[PDB]
Each structure stands twice: as structure tokens, then as C-alpha cells.
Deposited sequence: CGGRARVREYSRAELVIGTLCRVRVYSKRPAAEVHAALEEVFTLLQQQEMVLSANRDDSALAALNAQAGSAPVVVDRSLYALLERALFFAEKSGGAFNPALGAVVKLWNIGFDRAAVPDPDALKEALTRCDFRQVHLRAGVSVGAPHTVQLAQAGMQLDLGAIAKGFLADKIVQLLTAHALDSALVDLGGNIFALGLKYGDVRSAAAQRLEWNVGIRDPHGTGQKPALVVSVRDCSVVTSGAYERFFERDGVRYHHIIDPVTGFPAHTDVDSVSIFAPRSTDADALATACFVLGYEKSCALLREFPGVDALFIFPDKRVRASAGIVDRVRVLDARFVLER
């Protein structure tokens, strides 16, 4: 008997839901889901920026001092984040904490011009030194060379966690699932109905209440992560300030797309690239994405035109006829 299971909780500061189809005994699926959400709870205390408690916060507290020992997994995440910092030319920047914290208070007024200029001197991700010994049991260490520099993994954390969850589900012999971490999707395998079908993931209207999808894409074994100008913002004197920062200016990025969705085998990659591509804009995004052949992208423009890379365009269906899919 094929059974369908779902579970959701408020965790890592958002609503996380996993949906599973399985013929394994219910007890086994329940065990897997129990562990998925235990993982998420534990990982919140490792990765969460703005905590005091988290490993990340402790790491930030040691900026400008001695190397700090970290678990293999946090290390691996940092390696990847720096990787995308280099490839994207800093558009995605995991060492942007000093600036983000200044805007984080705004949500609760615009930062001061110089204060902002000052924070940016403390965002050189190239000053993040990762070192790992090669001998049996050698430790993994991180050193923030520049004083005042603060790590913030908010733009790659969900992807990292979705990949961890997929590993977990797979470890429990589950091969059909839809992982949703606050809009960060991973579609594992196929769902059940033509019997076995691709998952249908909706992309919201960037200006929409998010109750209905503008588009829907069919995918298997794939992450779908969207970066929008309206996922999170505050308004002051007629001006909207969204959460995604352009590290050159220190202000919310001004770009020629309303949203960019990345489709990748790894959600970690999809999450970082989605953020980078938003900051870069359409043309520079296309250039960067050519260096990642196994990745696909979907851009929604302010005039409601939609462009999709060759890998997914055939799998895209428009639900809101105000939008047009260019071929």
C-alpha cells in the first residue's frame, strides 16, 4: 500500500514541511520525519545568525582572533559558500553580516551613509580562512582575520538544510518526497498519482499574495529556489527596502528582474546562485550560469515576461495568463 505522509513545524524561523509517499511501514516513515525535524531544530542552533547561542555567533565573536574548531559539516558549508563568493564575484557574500545587521534594525529606518560605508570594510569574504589538517582525526578550523567581520549564511542555509534532509530521507530508504523550507523546495524522485509523476512546483507572482502560483514547473530529483524583491521588505517614505543586499553599494540590490528561480541537483547551489543572480541581474546571470551547465534558471521580469533556460523551459506551464513565457 502506498501511503502519503506530511509533517510541518515552525523552525529555523519559518514554516518547514516535508511530504512523503512510501510503501514502507508507517512506523519507519514516522521515524524518518521525527528525525528530519530534530535535525532542523539542532541545525538552527548551529547556523542561525542573530542568536548568541549558535555556533555561528560564537564563531563571529572570535573575529580577529585565533582559529576556531568547527564540525566537518559547518566547514563544508563554509567551503561551498566561499566557492560561490569567488565564482559570483562577490555578488553572493557570506561575510556580509556587518551590513545585514545594520539593515536588520532598519526593518525594526535606513542606515547611515558612512556607518554603511564602514560596515563594508568588514565584509571581505576573502578574509575568511578555512584550514583542515590532513592527518587522521585532524580538526577543521575557521579564522575570521578581519576584526568585526560577521558571517551570515542566511542566503545558503536553507539549501544546505534541504540537502541534509534529502540525505536523511534517503538514509531511511525513502525515495519520494517534497521538501519545503520556507519556499526552498527540493523534489526528491517522483510522486504517485500515470502512476509515477514528476512533482509540480509553483513559482509565485512576484507581486502576488502568494496564494496562487503564476507558473508551475515539472521536476524530478531537483531543487527549486526563488529569490524575489518582495519575499521580505519594509517601507519608509514611499521607498521599499528588500532584504537582498548589493555588496558594492550596501543597499538593497537594484536589478532588472522581479524574481529568479534556480533549478539544480543540489539545493545548496540553487540557494546561493539564486541570491547571486538576483544581484547580478539578467545578462550577467546568464553569463555566470554558463559556468554551471547542470543548473537551470527561470527569470520573471517586471513586465511579466518569463524567460527560462533550455533545460526546463519545456517543463514550464503558465497558470496566470497575465504572464507570458518567451520561447
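Against the full deposited sequence, the model leaves out several stretches, namely 1-5, 114-115, 201-206.
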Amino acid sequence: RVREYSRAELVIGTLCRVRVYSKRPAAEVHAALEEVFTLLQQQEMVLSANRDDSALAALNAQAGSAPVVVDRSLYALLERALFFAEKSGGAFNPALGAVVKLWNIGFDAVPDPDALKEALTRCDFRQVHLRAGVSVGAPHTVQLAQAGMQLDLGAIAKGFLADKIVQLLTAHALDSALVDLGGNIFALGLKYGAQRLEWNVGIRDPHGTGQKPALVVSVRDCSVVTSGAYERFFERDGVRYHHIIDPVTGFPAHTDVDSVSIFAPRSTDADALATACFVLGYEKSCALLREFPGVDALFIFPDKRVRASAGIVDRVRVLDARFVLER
From here on, numbers count along this sequence of modelled residues.
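Per the PDB record, of the two stretches 11-19 and 300-308, 11-19 carries the greater mean B-factor over its C-alpha atoms. In this crystal structure, the stretch out of 127-135 and 244-252 whose C-alpha atoms carry the higher mean B factor is 127-135. The residue among 72, 207, 172, 191 whose C-alpha atom has the highest B-factor in the PDB entry is 207.
Ranking 165, 222, 149, 257 by the C-alpha B-factor listed in the PDB entry places 257 at the top. Among the modelled residues of its chain, residue 87 has a C-alpha B-factor that falls in the middle third, as given in the PDB entry. In the deposited entry, the Cα temperature factor of residue 211 sits in the top third of values across the chain's modelled residues. Residue 51: CA B factor in the highest third of modelled residues in this chain (values from the PDB entry). In the deposited entry, the Cα temperature factor of residue 198 sits in the bottom third of values across the chain's modelled residues.
When all modelled residues of the chain are sorted by CA temperature factor, residue 106 is found within the highest third.
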